[PDB]
Structures are given as C-alpha cells and as structure tokens.
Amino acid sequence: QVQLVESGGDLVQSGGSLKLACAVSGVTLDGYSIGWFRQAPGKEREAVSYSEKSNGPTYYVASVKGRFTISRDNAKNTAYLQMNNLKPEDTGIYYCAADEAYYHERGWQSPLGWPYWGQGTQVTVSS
C-alpha cells in the first residue's frame, strides 16, 4: 500500500533555499492529492502546501506564499517542495501526506484529515 518517504532536509542559512522530495511507492502519484506539513518543537503539525490529484489546484498557507512552490514529477512518482528565502520560523520536521480525496481549499489544513504520512525530514534554518 501507500508508502511516502521524504528527503532533502538540511541545515541551511537564513535566506537560503532547499528542495524537499516526497517519494511515493505502491501507488501512482497522479491518483493522490499531496500535502506538505511541518512540525516545530513544542508545536502541533501545521499545514504548508497542497497539490490536488489529477492536475487540480495548488494551495499555500499565507506565511509561505511566494516563497514555496509545490510540484510533481510523474516519471519519478515524486512530489516536491521548493523553499526559497528560508527563515528561522521555517525550522521544523517536514512531512508529506497523501490522500485519494479532493480537498476543499479551506478543508485541507488540518492534518487529522490525512490518512498517509511519511516519516519526516528535518529542516533547520539558522538566523
């Protein structure tokens, strides 16, 4: 069944860039919507970006709009999060999530909606 594996986390200096990858196994990526989430120490997992299955919409939370870009590579069955102009507040464990569902623009940010998760990749942004 669905397996997700994040990679690309690293220590980087404020203002730098990082591209994360979410490798999907066991299913075809096109049939799944993908969400990126992050969890800072002491905080709950929070939404970052959403990419709908079947070439549907992409959404971003306000704090990453214009800096982050979600994308897909069907050849590699992988989704990505490109992160530009990183800030200390972006530090955390980044997780990708998957669901066969089509989410509403206002209904995807709660992580409890999502059935499949990766193990996470650590991103540390130094001031």
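Numbering starts at 1 and follows the sequence shown.
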Checklist entry - Mean C-alpha B factor from the entry: is it higher for 92-100 or for 43-51? => result 43-51
Checklist entry - Should the higher mean CA B-factor in the entry be assigned to 55-63 or to 24-32? => result 24-32
Checklist entry - Which third of the chain does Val12 land in by C-alpha B-factor: lowest, middle or highest? => result highest
Checklist entry - Considering only modelled residues of the same chain, in which third does the CA B-factor of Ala75 rank: lowest, middle or highest? => result highest
